[PDB]
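In: Sequence plus experimental coordinates follow:
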Protein chains: 2
Amino acid sequence: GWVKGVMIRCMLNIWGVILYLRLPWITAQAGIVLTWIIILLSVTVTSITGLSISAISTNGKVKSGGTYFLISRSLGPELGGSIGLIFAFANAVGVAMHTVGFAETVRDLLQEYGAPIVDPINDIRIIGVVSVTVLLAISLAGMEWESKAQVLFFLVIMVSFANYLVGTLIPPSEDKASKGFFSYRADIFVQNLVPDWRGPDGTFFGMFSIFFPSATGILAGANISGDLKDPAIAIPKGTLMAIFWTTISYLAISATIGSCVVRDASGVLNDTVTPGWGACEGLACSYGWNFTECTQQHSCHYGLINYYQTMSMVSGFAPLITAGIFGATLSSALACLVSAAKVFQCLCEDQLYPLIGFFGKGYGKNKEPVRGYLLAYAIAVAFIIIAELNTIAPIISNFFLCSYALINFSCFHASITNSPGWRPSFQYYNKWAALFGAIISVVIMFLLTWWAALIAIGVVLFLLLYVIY
Amino acid sequence: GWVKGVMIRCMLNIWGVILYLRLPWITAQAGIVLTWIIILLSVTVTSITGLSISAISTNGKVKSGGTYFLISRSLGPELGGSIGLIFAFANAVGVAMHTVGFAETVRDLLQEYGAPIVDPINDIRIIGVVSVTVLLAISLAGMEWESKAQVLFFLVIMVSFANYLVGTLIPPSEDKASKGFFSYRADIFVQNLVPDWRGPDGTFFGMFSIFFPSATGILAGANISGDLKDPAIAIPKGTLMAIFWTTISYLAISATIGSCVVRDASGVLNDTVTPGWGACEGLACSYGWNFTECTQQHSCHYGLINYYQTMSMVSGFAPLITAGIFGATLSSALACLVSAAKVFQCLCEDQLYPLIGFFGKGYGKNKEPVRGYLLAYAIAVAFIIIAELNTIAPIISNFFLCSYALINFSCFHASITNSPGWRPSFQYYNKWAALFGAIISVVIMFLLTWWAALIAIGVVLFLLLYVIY
Ligand SMILES: CCCCCCCC/C=C/CCCCCCCC(=O)O[C@@H](COC(=O)CCCCCCCCCCCCCCC)COP(=O)([O-])OCC[N+](C)(C)C
Ligand SMILES: CCCCCCCC/C=C/CCCCCCCC(=O)O[C@@H](COC(=O)CCCCCCCCCCCCCCC)COP(=O)([O-])OCC[N+](C)(C)C
Ligand SMILES: CCCCCCCC/C=C\CCCCCCCC(=O)O[C@@H](COC(=O)CCCCCCCCCCCCCCC)COP(=O)([O-])OCC[N+](C)(C)C
Ligand SMILES: CCCCCCCC/C=C\CCCCCCCC(=O)O[C@@H](COC(=O)CCCCCCCCCCCCCCC)COP(=O)([O-])OCC[N+](C)(C)C
Ligand SMILES: CCCCCCCC/C=C\CCCCCCCC(=O)O[C@@H](COC(=O)CCCCCCCCCCCCCCC)COP(=O)([O-])OCC[N+](C)(C)C
Ligand SMILES: CCCCCCCC/C=C\CCCCCCCC(=O)O[C@@H](COC(=O)CCCCCCCCCCCCCCC)COP(=O)([O-])OCC[N+](C)(C)C
Ligand SMILES: CCCCCCCC/C=C\CCCCCCCC(=O)O[C@@H](COC(=O)CCCCCCCCCCCCCCC)COP(=O)([O-])OCC[N+](C)(C)C
Ligand SMILES: CC(C)CCC[C@@H](C)[C@H]1CC[C@H]2[C@@H]3CC=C4C[C@@H](OC(=O)CCC(=O)O)CC[C@]4(C)[C@H]3CC[C@]12C
Ligand SMILES: CC(C)CCC[C@@H](C)[C@H]1CC[C@H]2[C@@H]3CC=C4C[C@@H](OC(=O)CCC(=O)O)CC[C@]4(C)[C@H]3CC[C@]12C
Ligand SMILES: CCCCCCCCCCCCCCCCCCOC[C@@H](O)COP(=O)(O)OCC[N+](C)(C)C
Ligand SMILES: CCCCCCCCCCCCCCCCCCOC[C@@H](O)COP(=O)(O)OCC[N+](C)(C)C
Ligand SMILES: CCCCCCCCCCCCCCCCCCOC[C@@H](O)COP(=O)(O)OCC[N+](C)(C)C
Ligand SMILES: CCCCCCCCCCCCCCCCCCOC[C@@H](O)COP(=O)(O)OCC[N+](C)(C)C
Ligand SMILES: *[C@@H]1O[C@H](CO)[C@@H](O[C@@H]2O[C@H](CO)[C@@H](O)[C@H](O)[C@H]2NC(C)=O)[C@H](O)[C@H]1NC(C)=O
Ligand SMILES: *[C@@H]1O[C@H](CO)[C@@H](O[C@@H]2O[C@H](CO)[C@@H](O)[C@H](O)[C@H]2NC(C)=O)[C@H](O)[C@H]1NC(C)=O
Ligand SMILES: [Cl-]
Ligand SMILES: [Cl-]
Ligand SMILES: [Cl-]
Ligand SMILES: [Cl-]
Ligand code: NA
Ligand code: NA
Ligand code: NA
Ligand code: NA
């Protein structure tokens, strides 16, 4: 069908690490208004790309084809090959991002039980490489039950959302109030409406580059093609509904975490305001909490802007949100891993590039891209060695923005030149909308960082001109 | 011929304002080694572009001449039309830069002799507007004295160079020693071999963006291909010889000004060393001068890094170098203005763009582009309103780097796709050298500043795709 076929597995790929780990932090540094602006600006790009993908899907009656097959048969081989290569690399790095998020969650779990391995960052590296190896092992042999693991992942994420909302509704406990979360309060909402840039990554585009991986994952709907009853109707509805619902979830979580947790807090339970005259400051002082020492000293360990795991603390039952993080990360990383490998294998089936034709060999009876799986695993491990979401996320934002700009401009190019095999039937496709989407995607790509955007653009130009020549 | 027709024409357009006003200051902030590296890196781009230009001039046989005509007939309507518009805009801004340099020289002359008009920056604006109006009046009516003007300008620049080199060897007087000039000394050479990096523009690429317009002007030989004797053998040798000799002049001036003047000095003549047990701190102490007061407070008025007219101070007779600055700036500004107007008119006569076609008609009997002259004058005035050379220069570096990258990549594209017309006979043209030149030009363009490079590439892509579609 369309619901479970497209929208449920597009949500599972869109929801990932930044939903649970960095969205509260983005809402802390930027304002609620600025976080909403970031979310809507990412969703504009992803929705224009979704319209382009819907136009691609409703083009002809292409059967049994992945993302690369659809794009390269509806559009030209010159643009299709570059789109496939950039998309495969972006998914390979997204594997590293989601594995790093899962490893960070496991490392925090280990720390809370007081059993760390070596040290914060190296523990993340070890857990991430072990996780990604287990992910590769599952992807190679044992993916038959991923059709039933999808329901478990979706139900786990739903339970995590419900638990977070229920815990947010609960009035504060002493420990939670000490950690910064009191409750829905107008004063905290007004305080968090305005930006507060507090680090090296504190900037509007610095937070856009970290958030934007939250919006990617719409092309996961494209590679379903061939397992759908009616792609021309299933693909657009599923993709656009998933984009809309994940956008609603991001906005709701941002506006609800910005209205109940203060930016600065100290995990010390003694900071409860002592009776007397006092010189206590801060918004929390009105709720009996004197977090004055850490706020001025800039040595706070908790709060929205300091604690990277505030959704877990706020929720009524912390392990449920940890399970939700595990489900979201292991769904998104697996989807990216088995998307990059399949796109790369299909691309290597087409003798379009000189050196990448070795990775196009299948293994077993399902012709699975074992060589592509190993290359994606190697790239994922290499980017995992970084072991920092705030550094890996800007790379993935750059490469997914490049892929989306490429898709939008390729659709525009096919429309404006009146390509022989480009007669999309999607009602809401406009070539000028696609051009606007590609232009804004490139502008944002250069705005996040200029050198990586230039590298991606140069790679795209090299591939496109090589196929042209 | 090739000497006066081509090489001297390219000489007078390459030699400009940065040679007299900012090269000693670039040598002060970046040191002699990095200034030479900047000069050689700019000359690499300009010589690789000159090889492509020489290949264009030897391709087929064109009798009418003109930069845009040659490039478009040898390379195609799309690439040729993009080049003929970016180059025209770059030449229009070059008029603003050279007029601003002339206005700055006149403002300094007014300050030293007489009284200023309104304000040191507003005086630059007023003098620049008046001088560019006079240049426009000369261009519209009175363009028959050009051979005499070329001879006078070349002779005055030769006299300025000779007088500077003669006064540099002269042992320093009390005033010159106070201002920081101590003839030739190894200690000053060693001290100035290393960077200083003061001010907001202290940067390797910040200095490259200001120096680079000193290397542009290599397209003056191709402008008169029709009016030559044998372009296929005159344009290449003339362009390459002009590039080589101007490179030699820049390297020599940088090396001798680095080894003569200290970075920090005070115009006060009382700053001679007192005969006692003092606390003298600078290198000039060994030469008998005490510049500690301003050097420690960063309030020195003179020196290599503080005085923009130290080249005139060092020389034997300042008025000769003032005349040399006037000649160089006026020759370069006139060449840029007439080249922009003539390229724009020829581009507009070929109906490749919708609205520019209005600036395509000539006036009088020789069909001068009066509308093109007025548009170039308007752009020049708009950029003159910015009365800072260090602000206009990075813009011209960006646009001339874009033009040179476009020419190089257009030649490479015509070579690789085996274009029909494209059959260059130049012995030293290689398509891979052109590709390297285009790539490094784009990389440098983005390294100077990323947003202006992005705007230039966006305009280039817009024009190219408009002609393609
Ligand atoms: C893309 C962005 C930069 C990054 C580039 C990354 C790649 C760089 C490396 C490139 C060299 C690639 C290998 C060449 C050697 C192997 C042969 C081969 O590949 O086939 C062909 C090359 O293949 C191509 O077409 C490459 C095209 C690169 C385009 C780069 C454009 C940069 C524009 C920047 C400015 C844009 C405009 C700016 C305007 C302001 C060559 O075939 P051949 O050998 O000629 O055939 C026989 C002839 N011969 C043997 C006698 C010679
Ligand atoms: C690697 C990942 C990223 C890849 C993509 C990277 C970005 C690539 C972006 C490329 C953008 C290229 C835009 C120009 C070329 C297409 C439009 C055009 O001008 O041709 C058209 C002329 O149209 C006009 O000239 C009138 C003005 C409207 C169109 C141009 C607006 C955008 C201008 C530039 C703005 C962007 C400047 C910066 C970007 C260059 C020809 O067709 P038409 O006559 O319009 O026909 C109308 C048909 N209709 C009647 C059905 C409507
Ligand atoms: C979904 C669309 C995208 C956007 C959605 C964004 C939606 C949310 C956006 C913003 C919510 C944030 C604004 C309200 C918070 C600040 C104001 C406030 O509430 O203050 C009051 C509490 O309010 C309550 O008791 C309940 C409030 C929230 C109920 C649940 C929120 C929706 C949860 C469902 C998830 C969302 C729905 C999804 C459902 C599918 C308390 O005020 P005070 O300061 O204590 O009073 C002062 C008195 N004193 C001074 C005397 C002490
Ligand atoms: C096959 C083709 C491509 C593959 C090539 C791979 C090349 C591999 C090379 C490098 C790969 C690794 C990059 C460096 C990692 C740097 C990390 C870093 O911190 O950088 C820092 C700087 O860094 C730079 O600014 C330099 C950027 C390098 C140029 C990229 C060349 C490739 C373009 C391809 C061709 C294009 C053609 C275009 C066509 C239209 C960021 O710092 P900043 O912000 O500058 O700091 C200023 C601070 N301030 C302002 C506050 C004072
Ligand atoms: C084709 C050209 C290729 C080259 C281009 C670049 C060429 C120019 C490049 C470099 C030349 C300039 C830099 C080196 C010399 C100054 C630095 C120095 O070392 O000071 C020393 C040398 O000083 C002199 O040599 C003075 C006499 C010649 C000065 C230069 C004349 C013009 C050179 C260009 C003419 C035009 C060239 C082009 C014509 C077309 C003096 O120091 P000292 O204190 O006396 O030493 C005492 C040491 N002790 C105290 C320990 C005992
Ligand atoms: C393909 C060819 C056509 C298209 C080309 C691509 C289009 C764009 C082409 C060129 C634009 C490139 C960027 C320009 C702005 C740079 C920033 C700047 O210098 O601001 C200056 C504004 O100076 C003033 O005081 C007001 C006068 C500004 C006149 C120029 C405005 C642009 C108009 C003509 C351009 C459009 C002409 C369009 C013609 C069709 C002030 O300087 P600052 O940086 O703020 O401060 C620096 C420190 N400082 C204070 C000491 C100085
Ligand atoms: C057809 C038309 C196309 C052209 C449209 C014209 C648009 C005209 C819009 C603006 C022109 C006028 C001047 C703009 C700003 C000047 C002021 C300034 O100093 O900016 C500041 C930066 O901020 C930016 O980065 C601006 C970036 C957006 C401009 C590029 C968008 C246009 C791209 C085109 C589309 C391409 C798609 C194609 C790619 C393949 C300078 O800051 P910095 O120092 O440099 O940054 C670091 C500063 N720091 C010191 C704090 C660290
Ligand atoms: C980063 C941001 C600034 C991106 C900017 C995108 C623009 C370059 C695009 C977006 C929508 C485009 C427009 C969409 C619709 C049209 C109408 C079109 O005219 C038609 O022939 C059909 C419509 C009509 O009848 O006018 C001409 C192109 C134009 C103006 C397009 C010009 C280019 C626009 C403004
Ligand atoms: C001093 C340095 C730092 C200046 C900048 C480097 C250039 C001098 C280099 C960089 C890339 C080089 C080019 C890269 C590739 C080629 C292809 C090469 O092709 C051939 O050999 C063609 C003849 C044949 O072998 O059949 C000729 C040299 C050339 C143009 C190179 C010439 C020298 C270039 C421009
Ligand atoms: C906050 C910073 C960003 C602010 C943007 C605000 C929020 C945007 C969130 C994204 C929504 C953007 C979606 C894309 C909108 C532009 C895209 C608009 O949709 C394209 C339109 O073409 C669709 O309509 P058609 O082209 O066919 O014409 C209509 C067909 N009917 C109606 C005749 C049947
Ligand atoms: C703030 C915490 C974030 C939580 C806020 C946002 C809520 C998260 C977003 C989740 C929104 C919900 C997504 C789930 C899908 C909603 C959107 C549903 O999509 C359309 C359905 O009608 C299709 O479903 P079915 O054909 O299965 O019919 C269902 C009815 N029967 C068949 C079972 C009887
Ligand atoms: C100080 C560092 C300097 C860096 C600058 C280097 C600058 C560029 C190289 C410089 C000097 C050039 C040396 C001499 C001038 C070129 C001299 C070589 O060119 C002779 C030209 O007339 C024509 O080239 P050809 O003679 O090979 O053939 C012409 C075309 N037809 C007849 C076959 C059709
Ligand atoms: C096949 C193509 C492959 C790539 C080819 C070449 C790649 C090598 C290029 C990298 C060399 C550059 C290394 C970067 C050096 C350190 C890079 C340090 O970054 C500084 C520059 O990005 C910016 O300089 P500015 O911002 O000062 O310029 C003027 C703007 N202001 C003054 C107004 C602020
Ligand atoms: C709340 O706690 C803060 C912690 O800084 C108190 O601030 C300090 O108070 C003591 C005096 O009793 C001294 O350390 C200084 O007066 C303050 N130092 C700093 C670092 O601010 C504050 O007095 C407390 N206010 C109450 C009682 O609510
Ligand atoms: C070189 O100049 C410095 C700076 O003026 C002199 O050092 C100062 O000497 C006078 C008188 O002793 C006082 O202003 C201070 O004691 C010194 N420092 C400053 C910052 O002024 C130094 O004496 C001079 N050396 C000479 C003339 O040989
Ligand atoms: Cl995510
Ligand atoms: Cl995606
Ligand atoms: Cl110059
Ligand atoms: Cl030039
Ligand atoms: Na995602
Ligand atoms: Na997920
Ligand atoms: Na010049
Ligand atoms: Na000149």
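Out: It's in. Numbers count the residues shown, from 1 in each chain, chains lettered A, B, ... in the order given. Ligands and ions are numbered 1, 2, ... in the order given.

In: Quick one: name the residues of the stretch 151-300 of chain A near ligand 14.
Out: Contact residues (CB under 6 Å from any ligand atom) of the stretch 151-300 of chain A with ligand 14: A:273-274, A:276, A:278-280, A:290, A:292-293, A:296. (C-beta placed from N, C-alpha, C; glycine too.)

In: now those residues: which count as buried?
Out: Among those, the ones that count as buried by 16 or more other CB atoms under 10 Å in any protein chain shown are A:273, A:280, A:290, A:292.

In: OK, contacts around the second one?
Out: Residue A:280 is in contact with A:273, A:290, A:292, counting by CB atoms under 8 Å, 6 or more residues apart in numbering or on different chains.

In: from the stretch 151-300 of chain A, which residue is nearest to ligand 20?
Out: Relative to ligand 20, the nearest point of the stretch 151-300 of chain A is residue A:217 (4.3 Å; CB to the ion).

In: ok, now how distant is that residue from residue B:140?
Out: 62 Å (CB to CB, to the nearest Å).

In: These two: which is more packed in?
Out: Legend: neighbour count by other CB atoms under 10 Å in any protein chain shown for residue A:217 and residue B:140, higher for residue A:217 (29 against 17).

In: Using the three-state scheme, assign the closest residue to that one other than its chain neighbours.
Out: Using CB to CB, 6 or more residues apart in numbering or on different chains and skipping residues adjacent in sequence, the residue nearest residue A:217 is residue A:13, 3.4 Å away. Secondary structure state of residue A:13, per DSSP: H, G, I helix; E, B strand; the rest coil, is helix.

In: Count the neighbours of residue A:13 for me.
Out: 26.

In: contacting residues around the residue in the stretch 101-250 of chain A that chain B sits nearest to?
Out: Closest to chain B within the stretch 101-250 of chain A is residue A:205: 12.6 Å, counting by CB to the nearest CB. By CB under 8 Å, 6+ apart, the contact list for residue A:205 reads A:444, A:447-448.

In: can you give me how far the biggest helix by length in chain A is from the chain middle?
Out: Ranked by residue count, the top helix of chain A under DSSP state H comes out as helix A:77-112. Distance, stretch centre to chain centre, for helix A:77-112: 9 Å (CA atoms, centre = their mean, to the nearest Å).

In: I'd like the next helix or strand past that helix.
Out: helix A:120-140 (DSSP states H and E).

In: which residues in the stretch 151-300 of chain A form helices?
Out: A:174-179, A:186-193, A:204-211, A:231-257, A:293-297 (DSSP state H, counting those that start in this stretch).

In: Specify the stretch among these that is closest to ligand 5.
Out: Among these, helix A:204-211 comes nearest to ligand 5, with 45.1 Å by CB to the nearest ligand atom.

In: what's the angle between that closest one and helix A:231-257?
Out: Inter-element angle recorded for helix A:204-211 and helix A:231-257: 120 degrees (by axes from the mean of the first three to the mean of the last three CA atoms, to 10 degrees).

In: quick check, helix A:204-211 touching ligand 10?
Out: No - using CB under 6 Å from any ligand atom, helix A:204-211 stays clear of ligand 10, with a minimum separation of 10.7 Å.

In: starting at the chain centroid, how far to that helix?
Out: With CA atoms, centre = their mean, you get 12 Å for helix A:204-211.

In: Over to stretch A:39-47?
Out: 13 Å.

In: Over to stretch A:33-48?
Out: 13 Å.

In: And ligand 17, is that stretch touching that?
Out: No - residues of stretch A:33-48 are not located near ligand 17 by CB under 5 Å from the ion, the shortest gap being 8.2 Å.

In: does that stretch come close to ligand 2?
Out: No - taking CB under 6 Å from any ligand atom as the criterion, stretch A:33-48 and ligand 2 are apart, separated by no less than 11.8 Å.

In: That stretch and ligand 16, any residue contact?
Out: No - Stretch A:33-48 lies apart from ligand 16 when judged by CB under 5 Å from the ion; the minimum separation is 10.8 Å.

In: Same question for stretch A:328-338.
Out: No - figure legend: stretch A:328-338 not in contact with ligand 16 (CB under 5 Å from the ion); closest approach 6.0 Å.

In: quick revisit: which one of the contacts of residue A:280 is nearest to ligand 19?
Out: For the contacts of residue A:280, the nearest to ligand 19 is residue A:292 (64.2 Å; CB to the ion).

In: Contact partners for the closest one?
Out: A:279-282.

In: Identify the residues contacting the residue nearest to residue A:278 when sequence neighbours are not counted.
Out: In space, and not counting its chain neighbours, residue A:278 is closest to residue A:290: 7.3 Å by CB to CB, 6+ apart. The contact partners of residue A:290, taken as CB under 8 Å, 6+ apart, are A:271-274, A:278, A:280, A:282, A:284.

In: Now distance to ligand 5 too, for those residues, in TSV please.
Out: What follows is the contacts of residue A:290, written out as TSV (distance: CB to the nearest ligand atom, whole Å):
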residue	distance to ligand 5
A:271	67
A:272	73
A:273	72
A:274	73
A:278	70
A:280	68
A:282	64
A:284	67
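
In: Kindly reformat those residues as JSON lines containing distance to residue B:213.
Out: Formatted as JSON lines, the contacts of residue A:290 follow (distance: CB to CB, whole Å):
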{"residue": "A:271", "distance to residue B:213": "61"}
{"residue": "A:272", "distance to residue B:213": "66"}
{"residue": "A:273", "distance to residue B:213": "65"}
{"residue": "A:274", "distance to residue B:213": "68"}
{"residue": "A:278", "distance to residue B:213": "64"}
{"residue": "A:280", "distance to residue B:213": "61"}
{"residue": "A:282", "distance to residue B:213": "55"}
{"residue": "A:284", "distance to residue B:213": "58"}
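
In: Return the closest of the residues you listed with respect to ligand 17.
Out: residue A:284 (40.7 Å).

In: Surely that closest one is in contact with residue A:291?
Out: Yes - counting by CB atoms under 8 Å, residue A:284 does reach residue A:291; the two are 5.6 Å apart.

In: Now for the two: what residues contact both?
Out: With CB under 8 Å, 6+ apart, residue A:284 and residue A:291 have common neighbours A:180, A:262, A:265.

In: how about the nearest residue to the last one, chain neighbours excluded?
Out: Which is residue A:265. residue A:180 (3.1 Å).

In: Check whether residue A:383 really touches residue A:392, as I assumed.
Out: Yes - assessed by CB under 8 Å, residue A:383 is found in contact with residue A:392 at 5.8 Å.

In: what sits in contact with each of those two?
Out: A:93, A:96-97.

In: Ligand 10: which of these is nearest?
Out: For the shared contacts of residue A:383 and residue A:392, the nearest to ligand 10 is residue A:97 (23.9 Å; CB to the nearest ligand atom).

In: I'd say the closest one and residue A:392 touch.
Out: Yes - Residue A:97 is within contact range of residue A:392, at 4.8 Å (criterion: CB under 8 Å).

In: Give the residues shared as contacts by these two.
Out: Shared contacts of residue A:97 and residue A:392 (CB under 8 Å, 6+ apart): residue A:383.

In: So those two - more neighbours on which side?
Out: Using other CB under 10 Å, the more surrounded residue of residue A:97 and residue A:392 is residue A:97, with 28 against 24.

In: filter the contacts of residue A:290 by proximity to ligand 10?
Out: Within these, nothing lies near ligand 10 by CB under 6 Å from any ligand atom.

In: Please identify which of those is nearest to residue A:253.
Out: Looking at these and their distance to residue A:253, the nearest is residue A:284, at 22.1 Å (CB to CB).

In: burial count for that closest one?
Out: Neighbours around residue A:284, by other CB under 10 Å: 27.

In: which residues touch it?
Out: A:180, A:182, A:262, A:265, A:290-291 are the contacts of residue A:284 under CB under 8 Å, 6+ apart.

In: possible to save the residues you listed as JSON lines with distance to residue B:22?
Out: Formatted as JSON lines, these follow (distance: CB to CB, whole Å):
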{"residue": "A:180", "distance to residue B:22": "55"}
{"residue": "A:182", "distance to residue B:22": "60"}
{"residue": "A:262", "distance to residue B:22": "53"}
{"residue": "A:265", "distance to residue B:22": "54"}
{"residue": "A:290", "distance to residue B:22": "58"}
{"residue": "A:291", "distance to residue B:22": "54"}
